[PDB]
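Below you will find one chain, with nothing else, as structure tokens; this is the form deposited in one PDB entry, and questions on how it binds or moves follow later.
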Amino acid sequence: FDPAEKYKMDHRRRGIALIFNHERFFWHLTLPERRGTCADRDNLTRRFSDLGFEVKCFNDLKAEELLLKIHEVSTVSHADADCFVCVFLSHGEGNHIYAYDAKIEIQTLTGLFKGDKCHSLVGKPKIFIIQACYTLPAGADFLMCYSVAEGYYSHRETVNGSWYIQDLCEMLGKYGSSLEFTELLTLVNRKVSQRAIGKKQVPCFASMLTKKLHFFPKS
């Protein structure tokens, strides 16, 4: 009935910001790759803490640990939380095995939080920010954010980080609390797209959200 309806963000906790590092099948690890990834994690941890999130970081190197942690996030109660965030960071060179593993990891992650698998988040926004190395993942109140659209260029990681994660992090710093999230993501669209003169890196987001999304500060 209401053209201004918002997801209720007045729960005790904001929620979890899961930052997932895809590192297992990569081989040539130039300092630009390594330092730039640290830059993207560190930057995202800052921005997401400031919006109230519990940031949790792990990589897929520790085969034994990803089991435990991944299991924890899924089963734990989110009843007292507003939303869930998951950032999937990856690298550029990407061999085919690395690239293939990526898709399977993202498919599992997303699949964990479908309402059928996770009652505590039902009706609450699930936001996935995916640094591709552009897909088809599904669910109501899901927000799929992609570093790059289907068949567009993706600039090499730098020691400073990646265009997408940088620019997102920037917008989050400046407009995190102010703007409706998809508006903010649209700003990230223009910013990155204006960063063989291939024409552009054009990021994307796919919304299955049913209400407005605001990260006004909590008490």
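Definition used throughout: the rigid core is the maximal C-alpha set that superposes within 1.5 Å between two forms. Quick note: we count residues from 1 along the sequence shown, nothing fancier.
Absent from the display: the form deposited in another entry. The rest refers to it.
The residue among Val87, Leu121, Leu143, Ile106 whose Cα moves by 2 angstroms or more between this form and the one not shown, once the core is superposed, is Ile106. Superposed on the core, the two forms differ at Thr30: its CA moves 2 Å or more between this form and the one not shown. Once you line up the core between this form and the one not shown, the Cα of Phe58 stays within less than 2 Å of where it was.
Core-superposed comparison between this form and the one not shown: CA of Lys69 displaced by 2 Å or more.
If you compare C-alpha positions, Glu33 and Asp42 are 3 angstroms or more farther apart in that other deposited form than in the form on display. Cα of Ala102 to Cα of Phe88: at least 3 Å longer in that other deposited form than in the shown structure.
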